[PDB]
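To begin, one chain is listed below as structure tokens, in the form deposited in one PDB entry.
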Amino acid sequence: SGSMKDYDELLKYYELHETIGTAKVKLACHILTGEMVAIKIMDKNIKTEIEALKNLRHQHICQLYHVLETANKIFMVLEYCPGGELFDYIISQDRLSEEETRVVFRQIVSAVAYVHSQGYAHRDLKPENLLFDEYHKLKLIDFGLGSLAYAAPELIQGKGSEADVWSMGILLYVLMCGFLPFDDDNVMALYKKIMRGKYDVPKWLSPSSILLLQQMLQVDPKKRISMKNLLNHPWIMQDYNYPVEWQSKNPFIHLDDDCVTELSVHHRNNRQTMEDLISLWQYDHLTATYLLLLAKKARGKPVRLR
């Protein structure tokens, strides 16, 4: 409602800053560690879609620190990405070079690789759900599930890991062309173009780009390249010479000694109790404190609390 009494349980742990997004989205501060976060504040009147994010932990998937649920609201503390929408960056520069695109597109593959490993399909890969962090590294976000220009042909018919490969195809195209491969003023026509499968091939595109694009943008799902072959594809490996490392560097089971020690001093508990406690991953204040500590370390900053 209009009520400000919900923000009470929140402001225990967090100190608010400006609004964005108006779900309303506020930039906040985690009091104990001082790290910036981003709170998705939702007014009841998708529960499971949260449980999804609880199991996903990966350096290009937007991290979930804390869930606060009252009878009047639900708050979602998430990694704050300063760099903004990938969409805005593409328009910002008209179009990306192959070398740059490759840097970005490798991060997108790593994430989508990973999500699939956990048996989830993102089903909404558009450059509006890829945001830059301060490192200018990419972070995937919306697991709510148009958007139509990114829909695989099979989804338009009715009838998938493979549909994600189609959208990554549309991504690669836009990244390197700066406009969509299938686009129109008239929706029914846009349906049509997509289903046909024919797109322009701008002069500035290398044949490697054209090859990969062709293998990803297959109108038939089975003829579409597979996640396996994509990871080490010759285009993907071009300046790197190692395949995409999609493996999570942020585990549920490997806890951090440096981080647990500091937390032990604050809660006045021993290393065993604390570790057992953190390992429950309740996504309460403890989960947010440990995770935000890891990040606080990942900046090479002091592993201290307030």
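The term rigid core refers to the most C-alpha atoms you can superpose between the two forms while keeping them within 1.5 Å. Residue indices: 1-based, along the sequence shown.
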At least a third of the other compared entries leaving residue 178 unmodelled, is that the case?
no
So residue 159 is built in this one, but is it left out in a third or more of the other compared PDB entries that include its neighbours?
yes
Enter the number of deposited residues without atomic coordinates between residue 228 and residue 229, binned as none, 1 to 3, 4 to 9, or 10 or more.
none
Interval residue 22-residue 23, deposited residues with no coordinates in the entry (none, 1 to 3, 4 to 9, 10 or more)
1 to 3
Which is higher in the entry, the mean Cα B factor of 55 to 63 or that of 248 to 256?
248 to 256
Mind pulling up the entry and telling me whether 205 to 213 or 185 to 193 has the higher mean Cα temperature factor?
185 to 193
When the entry's CA B-factors for 39, 274, 237, 29 are compared, the highest one belongs to 274
Could you check 165, 71, 174, 104 and tell me which one carries the biggest Cα B-factor in the deposited entry?
71
In terms of the chain's CA B-factor thirds, is residue 148 lowest, middle or highest?
middle
Which third, lowest, middle or highest, does the CA B-factor of residue 224 fall in along this chain?
middle
CA B-factor placement of residue 126, once the chain's modelled residues are sorted into thirds
lowest
Could you say whether, by C-alpha temperature factor, residue 135 belongs to the lowest, middle or highest third of its chain?
highest
If you rank the chain by CA B-factor, which third does residue 200 end up in: lowest, middle or highest?
lowest
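Keep in mind the form deposited in another entry is missing from the figure; the text below concerns it.
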Shifts of 2 Å or more in the Cα, rigid core superposed between the shown form and the other one, apply to only one of 126, 73, 102, 224; name it.
73
Under a superposition restricted to the rigid core, does residue 259 display a Cα displacement of 2 angstroms or more between the shown form and the other one?
yes
Superposing on the rigid core, does the Cα of residue 245 end up 2 Å or more away between the shown form and the other one?
no
When the two forms are laid on each other by their rigid core, does residue 53 show a Cα shift of 2 Å or more between the shown form and the other one?
no
